[PDB]
>>> print(open('structure.txt').read())   # compact mmCIF, N, CA and C atoms
# COMPACT_ATOMS: atom_id res chain seq x y z
N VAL A 2 4.54 -17.48 7.03
CA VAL A 2 5.00 -17.36 5.62
C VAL A 2 6.02 -16.23 5.47
N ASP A 3 6.98 -16.42 4.57
CA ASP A 3 8.02 -15.42 4.33
C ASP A 3 7.53 -14.34 3.37
N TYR A 4 8.17 -13.17 3.43
CA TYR A 4 7.83 -12.05 2.57
C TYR A 4 9.08 -11.41 1.98
N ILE A 5 8.94 -10.81 0.80
CA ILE A 5 10.05 -10.14 0.15
C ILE A 5 9.78 -8.65 0.08
N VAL A 6 10.77 -7.84 0.43
CA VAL A 6 10.61 -6.40 0.43
C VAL A 6 10.66 -5.85 -0.99
N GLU A 7 9.60 -5.14 -1.37
CA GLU A 7 9.52 -4.54 -2.70
C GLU A 7 9.72 -3.02 -2.63
N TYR A 8 9.50 -2.44 -1.45
CA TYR A 8 9.65 -1.01 -1.25
C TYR A 8 10.46 -0.73 0.02
N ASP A 9 11.32 0.28 -0.04
CA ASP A 9 12.16 0.64 1.10
C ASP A 9 11.34 1.36 2.17
N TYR A 10 11.45 0.89 3.41
CA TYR A 10 10.73 1.49 4.53
C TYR A 10 11.71 1.82 5.65
N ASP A 11 11.59 3.03 6.19
CA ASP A 11 12.45 3.48 7.27
C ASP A 11 11.74 3.36 8.62
N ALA A 12 12.28 2.51 9.49
CA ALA A 12 11.70 2.29 10.81
C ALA A 12 11.73 3.57 11.64
N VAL A 13 10.56 4.17 11.82
CA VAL A 13 10.44 5.39 12.60
C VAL A 13 10.49 5.07 14.09
N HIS A 14 9.85 3.96 14.46
CA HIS A 14 9.82 3.52 15.85
C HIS A 14 10.87 2.43 16.09
N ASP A 15 10.97 1.98 17.34
CA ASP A 15 11.93 0.95 17.70
C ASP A 15 11.41 -0.45 17.36
N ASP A 16 10.08 -0.59 17.34
CA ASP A 16 9.45 -1.87 17.02
C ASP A 16 9.15 -1.97 15.52
N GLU A 17 9.59 -0.98 14.74
CA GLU A 17 9.38 -0.97 13.31
C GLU A 17 10.59 -1.57 12.60
N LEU A 18 10.32 -2.44 11.63
CA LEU A 18 11.38 -3.10 10.88
C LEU A 18 11.76 -2.27 9.66
N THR A 19 13.05 -1.97 9.55
CA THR A 19 13.56 -1.19 8.42
C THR A 19 13.79 -2.12 7.23
N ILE A 20 12.74 -2.35 6.45
CA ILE A 20 12.82 -3.24 5.29
C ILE A 20 13.34 -2.52 4.05
N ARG A 21 14.24 -3.18 3.33
CA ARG A 21 14.82 -2.63 2.11
C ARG A 21 14.50 -3.52 0.92
N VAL A 22 14.15 -2.91 -0.21
CA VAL A 22 13.80 -3.65 -1.43
C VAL A 22 14.79 -4.77 -1.72
N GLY A 23 14.28 -6.00 -1.81
CA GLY A 23 15.11 -7.15 -2.10
C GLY A 23 15.34 -8.05 -0.91
N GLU A 24 15.10 -7.55 0.30
CA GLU A 24 15.31 -8.34 1.52
C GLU A 24 14.17 -9.32 1.76
N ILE A 25 14.50 -10.41 2.45
CA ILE A 25 13.52 -11.44 2.79
C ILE A 25 13.30 -11.46 4.29
N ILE A 26 12.04 -11.33 4.70
CA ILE A 26 11.70 -11.32 6.12
C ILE A 26 11.25 -12.70 6.58
N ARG A 27 11.91 -13.21 7.62
CA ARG A 27 11.61 -14.54 8.16
C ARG A 27 10.33 -14.56 8.98
N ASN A 28 9.42 -15.47 8.61
CA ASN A 28 8.15 -15.64 9.31
C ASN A 28 7.36 -14.34 9.42
N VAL A 29 6.87 -13.86 8.28
CA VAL A 29 6.07 -12.63 8.24
C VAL A 29 4.60 -12.94 8.46
N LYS A 30 4.09 -12.57 9.63
CA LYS A 30 2.69 -12.80 9.98
C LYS A 30 1.92 -11.49 9.99
N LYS A 31 0.60 -11.58 9.98
CA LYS A 31 -0.25 -10.40 9.99
C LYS A 31 -0.59 -10.00 11.43
N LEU A 32 -0.45 -8.71 11.72
CA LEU A 32 -0.73 -8.19 13.05
C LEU A 32 -2.15 -7.63 13.13
N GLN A 33 -2.50 -7.08 14.30
CA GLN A 33 -3.83 -6.50 14.50
C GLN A 33 -3.89 -5.07 13.94
N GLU A 34 -2.78 -4.59 13.38
CA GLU A 34 -2.71 -3.26 12.81
C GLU A 34 -2.77 -3.34 11.29
N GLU A 35 -3.83 -2.79 10.71
CA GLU A 35 -4.01 -2.81 9.26
C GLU A 35 -2.83 -2.15 8.57
N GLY A 36 -2.12 -2.92 7.75
CA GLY A 36 -0.97 -2.39 7.04
C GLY A 36 0.34 -2.63 7.77
N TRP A 37 0.32 -3.50 8.77
CA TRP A 37 1.51 -3.81 9.53
C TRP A 37 1.67 -5.32 9.71
N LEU A 38 2.88 -5.80 9.45
CA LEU A 38 3.19 -7.22 9.56
C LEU A 38 4.30 -7.43 10.58
N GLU A 39 4.50 -8.67 10.99
CA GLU A 39 5.53 -9.00 11.97
C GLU A 39 6.45 -10.09 11.43
N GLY A 40 7.74 -9.78 11.33
CA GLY A 40 8.71 -10.74 10.82
C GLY A 40 10.12 -10.48 11.31
N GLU A 41 10.97 -11.49 11.17
CA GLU A 41 12.36 -11.40 11.59
C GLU A 41 13.25 -11.01 10.42
N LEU A 42 13.65 -9.74 10.41
CA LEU A 42 14.51 -9.21 9.36
C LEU A 42 15.70 -8.49 9.97
N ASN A 43 16.87 -8.66 9.36
CA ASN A 43 18.09 -8.03 9.84
C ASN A 43 18.49 -8.57 11.21
N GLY A 44 17.94 -9.73 11.59
CA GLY A 44 18.26 -10.33 12.87
C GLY A 44 17.39 -9.82 14.00
N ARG A 45 16.30 -9.15 13.66
CA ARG A 45 15.39 -8.62 14.66
C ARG A 45 13.94 -8.78 14.21
N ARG A 46 13.05 -8.94 15.18
CA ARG A 46 11.63 -9.10 14.89
C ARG A 46 10.96 -7.74 14.99
N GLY A 47 10.45 -7.25 13.86
CA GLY A 47 9.82 -5.94 13.86
C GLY A 47 8.55 -5.88 13.03
N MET A 48 7.98 -4.68 12.94
CA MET A 48 6.75 -4.47 12.19
C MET A 48 7.04 -3.62 10.95
N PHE A 49 6.50 -4.05 9.82
CA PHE A 49 6.73 -3.35 8.56
C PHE A 49 5.44 -3.22 7.75
N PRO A 50 5.38 -2.23 6.84
CA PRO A 50 4.20 -2.00 6.00
C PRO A 50 3.85 -3.21 5.13
N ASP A 51 2.56 -3.52 5.07
CA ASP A 51 2.07 -4.66 4.29
C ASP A 51 2.25 -4.44 2.79
N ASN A 52 2.03 -3.21 2.33
CA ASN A 52 2.16 -2.88 0.90
C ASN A 52 3.62 -2.71 0.46
N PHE A 53 4.57 -2.98 1.36
CA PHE A 53 5.99 -2.86 1.04
C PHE A 53 6.63 -4.23 0.87
N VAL A 54 6.00 -5.26 1.45
CA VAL A 54 6.50 -6.62 1.35
C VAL A 54 5.49 -7.51 0.63
N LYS A 55 6.00 -8.42 -0.20
CA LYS A 55 5.14 -9.33 -0.95
C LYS A 55 5.37 -10.76 -0.49
N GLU A 56 4.28 -11.43 -0.10
CA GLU A 56 4.36 -12.81 0.37
C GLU A 56 5.11 -13.69 -0.62
N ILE A 57 5.92 -14.61 -0.11
CA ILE A 57 6.70 -15.51 -0.95
C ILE A 57 5.87 -16.73 -1.33
N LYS A 58 5.22 -16.66 -2.49
CA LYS A 58 4.39 -17.76 -2.97
C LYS A 58 5.21 -18.71 -3.85
>>> encode(input="structure.txt", output="structure tokens")
Amino acid sequence: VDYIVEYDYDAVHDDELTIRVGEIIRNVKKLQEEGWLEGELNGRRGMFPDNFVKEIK
């Protein structure tokens, strides 16, 4: 399922996705890390905060 960024997040790590409010992340799935999701944003697959992106219902 896709997700929409509601809060700006700065990727501290290399596997972290730098999500910006208003962006749509392709195929956002839930990871084994509480508060971390996996999706293709900005042309890269990374991990971003769960409370920063809202599922596209």
>>> residues_around(input="structure.txt", residues="region 13-29 of chain A", least_positions_apart="2", cutoff="5 Å", atoms="all atoms listed in the file", output="JSON, numbers by chain")
{"A": [2, 3, 4, 5, 6, 7, 8, 9, 10, 11, 31, 39, 40, 41, 42, 47, 48, 49]}
>>> select_by_dssp(input="structure.txt", residues="chain A", states="strand (DSSP E)", output="ChimeraX atom specification")
/A:4-6,25-31,37-42,45-50,54-56
>>> atom_distance(input="structure.txt", atom1="atom C of residue 58 (chain A)", atom2="atom C of residue 34 (chain A)")
23.0 Å
>>> atom_distance(input="structure.txt", atom1="CA of residue 33 (chain A)", atom2="atom C of residue 12 (chain A)")
18.8 Å
>>> axis_aligned_box(input="structure.txt", around="region 41-51 of chain A", padding_each_side="6 Å", output="lines of an AutoDock Vina configuration file")
center_x = 10.3
center_y = -6.7
center_z = 9.0
size_x = 28.4
size_y = 21.5
size_z = 24.4
>>> atom_distance(input="structure.txt", atom1="atom N of residue 43 (chain A)", atom2="atom C of residue 30 (chain A)")
15.2 Å
>>> decode(input="structure.txt", residues="region 7-46 of chain A", atoms="N, CA and C atoms", output="short mmCIF file (atom, residue, chain, number, x, y, z; two decimals), in the first residue's frame")
data_model
loop_
_atom_site.label_atom_id
_atom_site.label_comp_id
_atom_site.auth_asym_id
_atom_site.auth_seq_id
_atom_site.Cartn_x
_atom_site.Cartn_y
_atom_site.Cartn_z
N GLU A 7 3.36 13.24 5.75
CA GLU A 7 2.69 14.33 6.45
C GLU A 7 3.69 15.15 7.26
N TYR A 8 4.85 14.56 7.57
CA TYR A 8 5.89 15.24 8.33
C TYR A 8 7.25 15.05 7.66
N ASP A 9 8.07 16.10 7.67
CA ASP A 9 9.39 16.05 7.07
C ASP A 9 10.36 15.25 7.93
N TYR A 10 11.05 14.29 7.31
CA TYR A 10 12.02 13.45 8.00
C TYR A 10 13.35 13.48 7.27
N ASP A 11 14.43 13.67 8.03
CA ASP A 11 15.77 13.72 7.46
C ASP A 11 16.48 12.39 7.65
N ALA A 12 16.81 11.73 6.54
CA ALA A 12 17.49 10.44 6.57
C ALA A 12 18.87 10.57 7.21
N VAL A 13 18.99 10.06 8.43
CA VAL A 13 20.26 10.10 9.15
C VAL A 13 21.19 9.02 8.61
N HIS A 14 20.63 7.86 8.31
CA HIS A 14 21.40 6.74 7.78
C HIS A 14 21.27 6.67 6.26
N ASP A 15 21.96 5.71 5.65
CA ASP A 15 21.93 5.54 4.20
C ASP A 15 20.69 4.75 3.77
N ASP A 16 20.18 3.91 4.67
CA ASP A 16 18.99 3.10 4.38
C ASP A 16 17.72 3.82 4.84
N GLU A 17 17.86 5.08 5.29
CA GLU A 17 16.72 5.86 5.73
C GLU A 17 16.21 6.73 4.59
N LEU A 18 14.90 6.75 4.42
CA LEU A 18 14.27 7.53 3.36
C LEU A 18 13.97 8.94 3.83
N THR A 19 14.46 9.93 3.09
CA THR A 19 14.22 11.33 3.43
C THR A 19 12.86 11.76 2.89
N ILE A 20 11.82 11.51 3.68
CA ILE A 20 10.46 11.85 3.28
C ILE A 20 10.12 13.31 3.59
N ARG A 21 9.46 13.97 2.64
CA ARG A 21 9.05 15.36 2.80
C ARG A 21 7.54 15.48 2.69
N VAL A 22 6.94 16.30 3.57
CA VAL A 22 5.49 16.49 3.59
C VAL A 22 4.92 16.71 2.19
N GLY A 23 3.97 15.85 1.81
CA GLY A 23 3.34 15.97 0.51
C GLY A 23 3.77 14.89 -0.47
N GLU A 24 4.90 14.23 -0.21
CA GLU A 24 5.41 13.20 -1.10
C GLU A 24 4.66 11.88 -0.93
N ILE A 25 4.63 11.09 -2.01
CA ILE A 25 3.98 9.79 -2.00
C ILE A 25 5.03 8.69 -2.14
N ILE A 26 5.03 7.75 -1.20
CA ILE A 26 5.99 6.65 -1.21
C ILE A 26 5.38 5.40 -1.85
N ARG A 27 6.07 4.89 -2.87
CA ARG A 27 5.60 3.71 -3.60
C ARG A 27 5.80 2.42 -2.82
N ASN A 28 4.72 1.66 -2.66
CA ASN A 28 4.74 0.38 -1.96
C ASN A 28 5.34 0.49 -0.55
N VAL A 29 4.62 1.16 0.34
CA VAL A 29 5.07 1.32 1.72
C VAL A 29 4.59 0.16 2.58
N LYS A 30 5.53 -0.70 2.96
CA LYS A 30 5.22 -1.86 3.79
C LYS A 30 5.77 -1.68 5.20
N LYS A 31 5.29 -2.50 6.13
CA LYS A 31 5.74 -2.42 7.51
C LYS A 31 6.94 -3.33 7.74
N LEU A 32 7.96 -2.80 8.41
CA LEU A 32 9.17 -3.55 8.69
C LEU A 32 9.12 -4.16 10.09
N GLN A 33 10.20 -4.84 10.48
CA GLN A 33 10.29 -5.46 11.79
C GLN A 33 10.69 -4.44 12.86
N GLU A 34 10.90 -3.19 12.45
CA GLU A 34 11.28 -2.12 13.36
C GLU A 34 10.07 -1.24 13.65
N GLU A 35 9.63 -1.22 14.90
CA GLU A 35 8.48 -0.42 15.30
C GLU A 35 8.71 1.05 14.99
N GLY A 36 7.87 1.61 14.12
CA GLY A 36 8.00 3.00 13.74
C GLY A 36 8.81 3.20 12.48
N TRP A 37 9.04 2.11 11.74
CA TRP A 37 9.80 2.18 10.50
C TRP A 37 9.09 1.42 9.39
N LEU A 38 8.99 2.06 8.23
CA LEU A 38 8.34 1.47 7.07
C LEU A 38 9.32 1.37 5.91
N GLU A 39 8.96 0.61 4.89
CA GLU A 39 9.82 0.44 3.72
C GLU A 39 9.06 0.79 2.44
N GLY A 40 9.57 1.77 1.70
CA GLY A 40 8.92 2.19 0.47
C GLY A 40 9.88 2.84 -0.51
N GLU A 41 9.44 2.93 -1.76
CA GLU A 41 10.24 3.53 -2.82
C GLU A 41 9.87 5.00 -3.00
N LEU A 42 10.73 5.87 -2.49
CA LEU A 42 10.52 7.31 -2.59
C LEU A 42 11.77 7.99 -3.13
N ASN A 43 11.57 8.98 -3.99
CA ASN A 43 12.68 9.72 -4.59
C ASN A 43 13.51 8.81 -5.50
N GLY A 44 12.94 7.67 -5.91
CA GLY A 44 13.65 6.75 -6.78
C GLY A 44 14.52 5.77 -6.03
N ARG A 45 14.32 5.67 -4.72
CA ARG A 45 15.10 4.77 -3.89
C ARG A 45 14.22 4.11 -2.83
N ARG A 46 14.58 2.89 -2.46
CA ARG A 46 13.83 2.16 -1.45
C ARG A 46 14.50 2.37 -0.10
#
